[PDB]
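For reference, the structure is listed below as structure tokens.
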Amino acid sequence: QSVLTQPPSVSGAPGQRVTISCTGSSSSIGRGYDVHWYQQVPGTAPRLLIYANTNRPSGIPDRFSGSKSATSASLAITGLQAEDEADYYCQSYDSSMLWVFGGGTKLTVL
Amino acid sequence: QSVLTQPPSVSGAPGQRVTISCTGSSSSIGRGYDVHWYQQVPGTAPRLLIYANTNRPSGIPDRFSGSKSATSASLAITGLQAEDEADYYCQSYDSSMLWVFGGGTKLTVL
Amino acid sequence: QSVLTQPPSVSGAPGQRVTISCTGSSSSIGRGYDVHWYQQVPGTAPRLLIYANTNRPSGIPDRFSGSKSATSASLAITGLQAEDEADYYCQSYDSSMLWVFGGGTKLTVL
Amino acid sequence: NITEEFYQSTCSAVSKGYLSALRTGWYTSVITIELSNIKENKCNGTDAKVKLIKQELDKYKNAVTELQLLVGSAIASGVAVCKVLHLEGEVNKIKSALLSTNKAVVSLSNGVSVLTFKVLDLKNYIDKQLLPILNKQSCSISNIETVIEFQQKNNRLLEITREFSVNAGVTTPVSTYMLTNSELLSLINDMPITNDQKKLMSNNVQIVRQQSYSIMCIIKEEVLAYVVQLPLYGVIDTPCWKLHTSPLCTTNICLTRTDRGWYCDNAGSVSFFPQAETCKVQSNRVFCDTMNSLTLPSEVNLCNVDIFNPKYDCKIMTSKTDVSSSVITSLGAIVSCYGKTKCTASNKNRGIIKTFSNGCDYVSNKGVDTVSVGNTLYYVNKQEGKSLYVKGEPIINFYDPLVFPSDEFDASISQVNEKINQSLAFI
Amino acid sequence: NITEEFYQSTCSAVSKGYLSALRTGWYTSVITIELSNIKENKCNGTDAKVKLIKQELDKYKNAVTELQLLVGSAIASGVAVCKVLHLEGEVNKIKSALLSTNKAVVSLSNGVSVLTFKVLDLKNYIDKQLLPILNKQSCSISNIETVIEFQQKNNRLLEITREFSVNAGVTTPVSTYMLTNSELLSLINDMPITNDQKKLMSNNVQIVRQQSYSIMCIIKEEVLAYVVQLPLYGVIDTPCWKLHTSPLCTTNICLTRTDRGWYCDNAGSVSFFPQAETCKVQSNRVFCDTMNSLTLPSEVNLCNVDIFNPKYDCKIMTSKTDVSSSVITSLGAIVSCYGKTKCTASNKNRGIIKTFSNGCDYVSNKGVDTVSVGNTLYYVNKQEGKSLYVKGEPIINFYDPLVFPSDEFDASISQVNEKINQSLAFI
Amino acid sequence: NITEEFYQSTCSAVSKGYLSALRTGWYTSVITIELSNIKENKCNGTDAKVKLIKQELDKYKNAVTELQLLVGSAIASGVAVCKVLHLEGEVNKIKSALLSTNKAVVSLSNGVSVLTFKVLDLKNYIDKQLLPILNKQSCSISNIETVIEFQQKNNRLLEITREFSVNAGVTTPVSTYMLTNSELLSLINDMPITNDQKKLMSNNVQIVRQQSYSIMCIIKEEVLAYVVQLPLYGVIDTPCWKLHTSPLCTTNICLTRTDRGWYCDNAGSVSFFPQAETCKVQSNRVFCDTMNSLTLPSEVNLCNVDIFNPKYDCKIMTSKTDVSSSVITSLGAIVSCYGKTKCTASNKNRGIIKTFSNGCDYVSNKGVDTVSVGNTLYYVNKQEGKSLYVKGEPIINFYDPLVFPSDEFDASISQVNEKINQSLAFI
Amino acid sequence: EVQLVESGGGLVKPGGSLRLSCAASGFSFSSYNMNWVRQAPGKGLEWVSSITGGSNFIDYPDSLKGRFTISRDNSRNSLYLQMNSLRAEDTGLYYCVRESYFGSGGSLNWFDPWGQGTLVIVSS
Amino acid sequence: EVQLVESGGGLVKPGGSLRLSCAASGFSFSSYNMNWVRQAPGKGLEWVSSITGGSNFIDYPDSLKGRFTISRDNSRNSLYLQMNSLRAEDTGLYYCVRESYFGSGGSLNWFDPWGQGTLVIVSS
Amino acid sequence: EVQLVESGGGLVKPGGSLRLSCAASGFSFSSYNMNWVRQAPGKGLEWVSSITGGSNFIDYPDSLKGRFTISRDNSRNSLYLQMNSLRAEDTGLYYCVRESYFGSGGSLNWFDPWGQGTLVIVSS
């Protein structure tokens with residue numbers, strides 16, 4: 001049981017865009033904290049993917065995007081490839097639980 | 001019927017000083033707005049003679065003078081000549097009538 | 001009868017330190033005005049010895065010292081010599097008597 | 001509307017479309033408060049209501065005792081009119097003038113006519129509703145409402161006394177205690193000025209207070225009179241433009257235009273205000289004062305469109321200060337980014353949208369909302385307007401950083417050119 | 001703890017051990033007051049209580065009428081959110097949101113989410129405890145307590161109106177009238193920020209007020225809403241050090257380091273605040289704002305330990321101004337004594353304890369309490385800390401007073417050296 | 001009387017005849033307010049009077065809770081005495097000192113003796129006139145006068161708390177809330193100083209407040225004590241003169257004397273105040289502070305009568321800034337008019353009486369009342385005094401505009417001469 | 001070289017509409033105010049209309065309020081006066097006069113450059 | 001070249017005590033915040049401890065409050081976490097992660113340089 | 001080189017009037033205060049009169065108030081004391097002493113340059 005919710009798994013074909021949702025309550029994503037989207041390839045330490053809910057760190061391909069609206073945020077991957085299969089975690093804050101982190105979205109390539 | 005009162009006509013001889021009065025009410029010369037003295041030779045557009053109630057524009061002979069006191073203003077011409085015969089108008093403001101202008105003083109040389 | 005009290009006379013031997021006291025009331029040394037110590041050799045005008053209750057003017061030997069505490073001031077002479085026999089006056093202010101001056105301490109060498 | 005242009009040739013922005021309101025004159029009005037003279041309360045008792053009345057009257061006495069203890073010059077007119085008031089036989093004229101109504105126009109010994117308003121009527125309440133109502137035989141007041149009303153009528157004098165004691169005789173801005181809004185508006189609508197200036201200044205009483213001064217004048221003869229120094233706007237509705245400059249450097253030598261501030265048209269010349277605190281902008285007006293201004297010929301406008309003009313050489317600052325910085329002008333932002341510092345412009349929802357390179361650049365407020373330089377975060381103005389970006393070449397690229405006089409503070413363009421020519425002739 | 005060092009090589013002191021709190025962001029909250037619309041009192045009478053009520057309600061009407069008459073930019077965010085509020089269909093959302101409780105989080109048209117607090121409930125008192133209680137048939141109120149309570153509930157609006165009229169729409173600091181301490185603390189504890197920043201900003205409400213702005217926003221539709229612009233501290237707990245400099249002269253030419261002020265660590269760079277009024281120190285923190293700051297590479301620290309370093313040249317001012325002066329740094333004092341002036345350091349009880357010679361010298365606050373230069377008396381800070389005095393030779397003695405360029409204002413060490421080399425090559 | 005002279009040789013005016021009052025020392029007094037500790041009201045009821053009492057006592061509790069949340073240095077002495085007060089066993093000494101009367105002189109641990117006043121007696125009213133009078137059995141107060149009196153005695157603490165929260169612990173000037181006039185005068189008449197300084201500082205409480213500081217010190221153990229930092233005028237009745245300078249240019253090169261400000265005699269030297277805001281003039285005194293002053297040898301007076309003296313070279317600024325400007329000195333005005341700008345001096349009734357030519361000129365206040373430069377309007381001071389006009393030949397004409405170093409900011413006369421000589425020797 | 005040349009006057013029947021134009025040259029037109037003033041044949045002067053530089057401070061006297069509309073086009077330095085519903089008055093010379101400040105504050109300043117005037121006649 | 005290398009993990013019986021160390025190099029440690037975050041095997045992430053640069057703003061979640069004590073020593077750029085009274089949870093990877101600001105104000109900034117992780121196992 | 005030379009003393013019958021002058025040289029007189037102090041033969045000192053630089057802060061003790069009038073003329077650097085209605089006291093040496101500040105604030109400063117003194121004798 002996590003403060004934020006996330007789909008257990010999403011799927012797609014190469015060259016297809018996939019959207020991953022991050023939904024939270026009022027003492028959550030609401031009030032406009034942020035989302036941070038983290039990537040984890042198994043056997044490797046987690047890596048920052050999207051910060052400040054829309055921007056992108058240097059060294060990350062431009063095909064990724066992130067956005068937020070009202071109480072829900074989205075991470076969109078355009079042109080799916082075999083290297084993008086991983087665990088994706090959405091992050092925000094909580095006035096009564098502090099750093100929350102997501103439940104983990106397992107994205108795989110068909 | 002004008003807000004300000006002016007003598008209908010004044011007369012004099014060459015080399016004689018003539019005084020023209022400009023009298024008004026409280027919402028008039030009073031409260032210290034200003035008085036401006038304008039000259040009009042017939043067949044010619046009106047010309048500024050005295051501004052800020054005492055000073056003199058460039059190109060006007062120094063024989064003219066102007067002053068104000070309490071609720072009455074005066075314009076004095078020293079050394080009258082044939083060229084000064086004209087219509088003289090005294091001007092001020094009014095809180096309920098705006099720019100007033102005078103009734104016109106006809107000055108002629110005997 | 002002076003505002004401040006001073007010993008009528010103090011005595012000592014050459015090479016011996018002597019302490020002279022200056023005691024006063026609340027509207028006196030108290031409230032921290034200051035004390036000033038003046039020297040007078042008979043037949044000569046008075047000379048400043050200690051000012052600002054601890055410091056020393058130029059041209060005065062370093063063997064002299066002054067201090068104050070609570071409501072009492074002290075002047076200490078170290079290494080007494082024949083030239084220091086004189087009248088010593090302690091000075092301060094008074095809210096109801098202004099400049100007070102002392103009663104005069106007669107210091108002599110045995 | 002407000003229109004902004006950005007010249008990249010000198011890295012300078014101009015914001016035009018503003019209108020003018022210049023504080024050109026001072027008008028002095030005499031605000032009088034009719035106090036009352038009372039020695040002491042004859043009656044005495046253990047009643048609590050009379051104790052409250054005694055405390056309030058004692059505070060009133062202390063307040064009236066307090067007032068007996070009290071480039072260019074901004075308070076010269078007020079000081080002059082106070083000197084006139086101190087002359088014998090003048091206070092009585094004012095006191096006998098506004099006796100039937102609390103509005104009069106009076107002529108003093110110096111011949112200057114001033115407006116007098118009786119803003120408070122404390123004497124009538126003290127001498128006609130407190131002493132006769134208070135029955136000295138019983139020394140008791142039936143209704144506490146009288147005391148509550150006294151506390152509601154004596155506050156104004158206490159606040160005036162407090163402000164004058166804090167500010168040591170001269171105060172600014174004129175607060176609501178010292179001049180109520182209805183009174184200020186009536187005085188504005190009766191001041192000796194044109195109806196044009198009375199319509200711009202009635203709607204902007206929020207700034208007339210900030211640009212007015214008030215001075216204690218007299219307490220003699222049971223009349224507390226103080227002079228309120230209102231501004232007289234002699235220049236209205238002339239075009240004005242703001243000029244902003246940013247450092248411009250090679251990718252080093254830096255040349256910054258050194259005439260930032262406001263410009264206004266004034267009788268065929270240009271009134272130049274270098275100080276930013278001097279001018280205030282309500283919607284599209286500049287409420288500046290000429291006391292902190294310079295007069296320039298009407299060719300400084302040519303500086304904005306041609307840095308190398310021959311009619312009015314501009315002013316520059318030459319230095320090797322290679323530091324990144326930004327200027328948040330109206331309708332946009334100028335960013336000069338140098339060295340290794342990272343400079344970006346970020347939208348509210350689209351995040352970083354630009355990756356500013358080395359040099360001087362400009363971003364309008366259409367879309368761009370925040371500007372990050374290093375880590376400093378600036379917010380751009382969101383005023384609606386039209387922006388124009390004229391391309392060109394930086395002036396510093398024309399010079400050569402070998403004989404560059406990187407020591408001056410502000411000489412001119414022509415002086416820098418002649419120094420360069422002298423240095424070239426030396427070799 | 002706070003530790004001070006004094007380099008005699010350049011006559012400069014560094015005070016380290018401070019912590020940081022940088023104002024990096026702005027947050028906009030909408031404080032709303034629910035007013036009431038009333039036309040006039042239907043009843044009329046000679047009762048004094050109804051007269052007090054009429055006067056108070058007339059003052060309320062005048063107050064509500066008054067509010068209808070109303071580098072970088074410090075109020076850009078508040079102006080943007082006010083422009084958002086002016087958009088149609090937005091005030092109703094705020095009014096209907098905080099209808100059940102006086103705390104809401106609302107999303108506006110621009111998409112920015114803001115906090116809304118209803119700090120006052122004047123409408124309920126006016127329309128549900130004054131009109132129905134006041135019996136218009138008799139036009140009398142039985143208890144004066146109702147009037148006294150009205151005077152105790154209407155003061156807030158009067159003070160807000162007075163402050164807004166005095167300051168012309170924008171005010172700082174946010175006074176207790178415009179935002180009570182309990183309300184400010186609740187807004188702090190509900191603002192969208194980390195718990196780390198909510199524990200440094202709850203204990204320092206004394207400085208949040210000074211660094212906050214408040215601007216009048218809207219009066220339309222019986223809701224007086226104004227925007228309070230609180231700061232968001234994005235940089236917390238990074239080391240900071242203050243750098244003080246004093247003139248250094250031979251026994252002439254004077255060389256003064258010209259980078260006085262605060263330095264703080266910030267994301268691998270150094271944020272430099274030259275203005276002393278920019279930063280405030282409560283106990284060991286610096287509550288600065290980045291709007292008045294520069295960004296420098298993290299080699300300016302090497303200027304303090306090696307004036308002739310090759311990685312980041314320092315900044316100096318060279319002039320022949322031979323005037324004695326002192327700088328009262330924390331934990332001690334720097335005294336530069338030149339000419340015939342007498343400079344001393346005096347204890348409270350032991351009087352003069354030093355006889356400062358010509359040149360630059362430094363005295364810790366351990367023992368030394370007052371410093372006299374000429375006749376000017378300075379008091380040194382009594383903050384407890386450790387002082388260190390590193391000996392050396394003055395840099396100015398290394399130069400020669402024959403080709404010295406005693407005209408610059410602030411170029412660099414490297415520029416001065418290259419000018420000296422050019423002058424030497426000329427001969 | 002005040003006498004003004006105008007030297008046309010350097011285009012500079014000197015205004016002499018003033019007297020001195022220099023802020024040389026700081027004195028620290030401890031103002032104590034005796035608060036009371038109350039937990040809550042035991043009784044509860046629907047009575048409105050008890051509701052008013054509860055609201056007032058809750059505001060008192062909030063106020064007492066608020067106070068628990070709280071070059072040279074101007075507040076060093078107050079910080080030192082507050083550090084002394086924080087020492088254990090010191091607050092009790094003060095509290096037991098002024099128990100029988102509200103005036104004491106106490107000696108603290110550091111040995112410094114300070115004056116203590118008990119300015120408020122809120123504890124006695126709260127614990128001896130509210131709790132016993134309030135009958136908890138009925139929870140009702142018979143007379144509303146008690147509540148009205150409480151509102152008239154609890155205002156002072158609320159205002160002190162508000163000022164301390166707004167100003168963040170340190171405030172200036174001290175207002176009437178924080179120190180009433182009667183108490184300020186009593187503290188002045190009991191401060192440890194000479195009767196000479198107590199007669200100059202009693203009549204000028206309007207300026208003692210402006211130059212005083214107040215610092216929050218302690219709230220612990222039901223005693224709200226704060227330190228008021230009054231000034232001690234160590235220099236009184238010494239002659240002072242003000243020096244005004246205006247640009248002086250050929251008809252170009254401009255040389256302006258760059259030592260504007262106040263000069264005062266001080267123990268055989270000259271204390272120089274460049275800042276105009278530093279000094280204040282009541283009638284003919286200068287209430288300056290030495291913290292913002294320089295010490296100069298007593299030969300700077302020779303600069304005013306001989307610009308080319310060999311004992312103390314003056315300071316000048318050389319630049320090609322050819323802009324007309326005026327300086328409104330006391331008893332007259334200086335105008336520097338160049339280019340095509342029109343400069344005039346106008347009487348109140350006789351209008352324009354002068355036609356100022358190119359160069360520097362001076363007009364006394366006898367007759368001349370307004371000065372117009374370009375369009376900027378300045379009002380001259382109307383202080384009565386004697387003016388003298390010494391004729392001469394402008395210094396700038398002696399130089400030659402061919403080797404003129406029009407780049408310096410402020411070096412000296414001698415430095416400019418030696419640079420000219422070096423330039424001549426180069427050719 | 002301040003030139004104020006105005007035209008557009010001609011015979012109009014009573015109750016008709018008319019427009020008068022005024023062109024200004026030789027000075028910065030955008031900063032000086034403008035006025036229209038009448039002079040009936042053989043009668044005294046009488047102020048008619050005012051306007052400021054920014055075109056947003058209109059002013060008329062009480063007698064002629066709501067009938068005369070004044071509008072200045074700043075682009076080509078032009079002034080226009082539109083008269084509707086003429087009466088037996090309003091006949092005579094019309095002057096387009098520049099209200100010129102810089103005579104200190106002094107409220108009413110000093111209108112200097114009177115034009116030669118346009119003759120407007122109303123009759124049947 | 002931001003290197004976060006951490007160690008100290010090993011098998012510990014339930015109810016035991018443990019210490020984990022983390023060394024940071026290649027950046028100014030004294031200005032960046034530190035955090036310790038868990039990842040149970042096959043489960044989601046879960047924040048565990050926070051600390052700021054000045055070592056005087058400690059932070060823990062509600063579940064682990066009072067048990068885990070964090071402490072950063074700035075002298076040799078070290079971070080330590082002391083674990084007392086272990087339970088069936090807390091097993092998995094521990095990451096010593098630098099909380100890095102400069103992403104504007106933006107509250108939660110962007111923890112970039114995650115360490116490789118230390119495997120801490122509790123069992124009998 | 002601070003020289004304070006005082007003169008004007010001589011024998012005067014009881015109830016007579018007298019004037020004493022003091023000339024100061026070698027220092028800026030206009031900024032330093034002046035005092036007159038007594039010393040009866042064989043008795044202690046006793047302050048008598050004070051004056052400041054601007055001649056507008058006069059000061060006397062309670063006993064001698066209203067009798068001794070002090071006036072400093074700044075033009076030729078002179079000090080004068082006028083004695084009226086002499087009594088059996090006031091006989092002895094009179095010193096014209098410069099009150100000199102610059103010993104910090106310190107209220108009472110340090111009167112340094114005592115003159116040689118003038119002998120005034122009252123008797124029949």
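By order of appearance in the structure tokens: chains A, B, ..., then residues from 1 within every chain, and ligands from 1 in the order shown.
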Practice task
Show which residues sit within 8 Å of residue 118 (chain H), as a VMD selection string. Count only C-alpha atoms, and ignore same-chain residues fewer than 6 positions away.
Solution key: chain H and resid 6 to 9 92 to 95
Keeping only N, CA, C and O atoms, write those residues as a PDB file, in the first residue's frame.
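Listing of part_2.pdb after writing:
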```pdb
ATOM      1  N   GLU H   6      29.088   3.238  -0.931  1.00  0.00           N
ATOM      2  CA  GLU H   6      28.644   2.964   0.425  1.00  0.00           C
ATOM      3  C   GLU H   6      28.710   1.473   0.723  1.00  0.00           C
ATOM      4  O   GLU H   6      28.564   0.632  -0.169  1.00  0.00           O
ATOM      5  N   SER H   7      28.948   1.160   1.992  1.00  0.00           N
ATOM      6  CA  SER H   7      29.163  -0.210   2.434  1.00  0.00           C
ATOM      7  C   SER H   7      28.733  -0.329   3.892  1.00  0.00           C
ATOM      8  O   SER H   7      28.146   0.590   4.469  1.00  0.00           O
ATOM      9  N   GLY H   8      29.038  -1.482   4.485  1.00  0.00           N
ATOM     10  CA  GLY H   8      28.672  -1.772   5.854  1.00  0.00           C
ATOM     11  C   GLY H   8      27.523  -2.740   6.018  1.00  0.00           C
ATOM     12  O   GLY H   8      27.128  -3.013   7.158  1.00  0.00           O
ATOM     13  N   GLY H   9      26.978  -3.269   4.927  1.00  0.00           N
ATOM     14  CA  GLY H   9      25.865  -4.191   5.012  1.00  0.00           C
ATOM     15  C   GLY H   9      26.308  -5.632   5.198  1.00  0.00           C
ATOM     16  O   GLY H   9      27.323  -6.067   4.660  1.00  0.00           O
ATOM     17  N   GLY H  92      16.849  -5.761   2.175  1.00  0.00           N
ATOM     18  CA  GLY H  92      16.907  -5.361   0.790  1.00  0.00           C
ATOM     19  C   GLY H  92      18.085  -4.451   0.547  1.00  0.00           C
ATOM     20  O   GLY H  92      19.062  -4.447   1.304  1.00  0.00           O
ATOM     21  N   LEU H  93      17.994  -3.674  -0.525  1.00  0.00           N
ATOM     22  CA  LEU H  93      19.052  -2.748  -0.887  1.00  0.00           C
ATOM     23  C   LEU H  93      18.838  -1.408  -0.198  1.00  0.00           C
ATOM     24  O   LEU H  93      17.709  -0.926  -0.080  1.00  0.00           O
ATOM     25  N   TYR H  94      19.933  -0.822   0.271  1.00  0.00           N
ATOM     26  CA  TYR H  94      19.948   0.521   0.829  1.00  0.00           C
ATOM     27  C   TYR H  94      20.771   1.412  -0.087  1.00  0.00           C
ATOM     28  O   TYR H  94      21.892   1.052  -0.461  1.00  0.00           O
ATOM     29  N   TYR H  95      20.212   2.561  -0.453  1.00  0.00           N
ATOM     30  CA  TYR H  95      20.879   3.516  -1.324  1.00  0.00           C
ATOM     31  C   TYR H  95      21.153   4.799  -0.554  1.00  0.00           C
ATOM     32  O   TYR H  95      20.252   5.342   0.098  1.00  0.00           O
TER      33      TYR H  95
END
```
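For residue 101 (chain A), the non-local neighbours within 8 Å, defined as residues at least 2 positions apart in the same chain or in other chains and counting only C-alpha atoms, are residues 2, 3, 4, 89, 90, 91, 92, 99 and 103 of chain A; 44, 45, 46 and 47 of chain H.
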Problem - Residue neighbourhood residue 48 (chain A), 8 Å, only C-alpha atoms, exclusion window fewer than 5 positions, as a ChimeraX atom specification - result: /A:36-39,57 /H:110-112
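Straight-line separation from CA of residue 318 (chain F) to CA of residue 12 (chain F): 15.4 Å.
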Practice task
Would you list the contacts of region 60-68 of chain A as number ranges by chain, taking every protein, DNA or RNA residue within 7 Å and counting only C-alpha atoms, but skipping same-chain residues closer than 4 positions in sequence?
Solution key: A: 50, 53-54, 56, 72-79
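The two atoms in question, CA of residue 369 (chain F) and CA of residue 326 (chain F), are spaced 13.8 Å apart.
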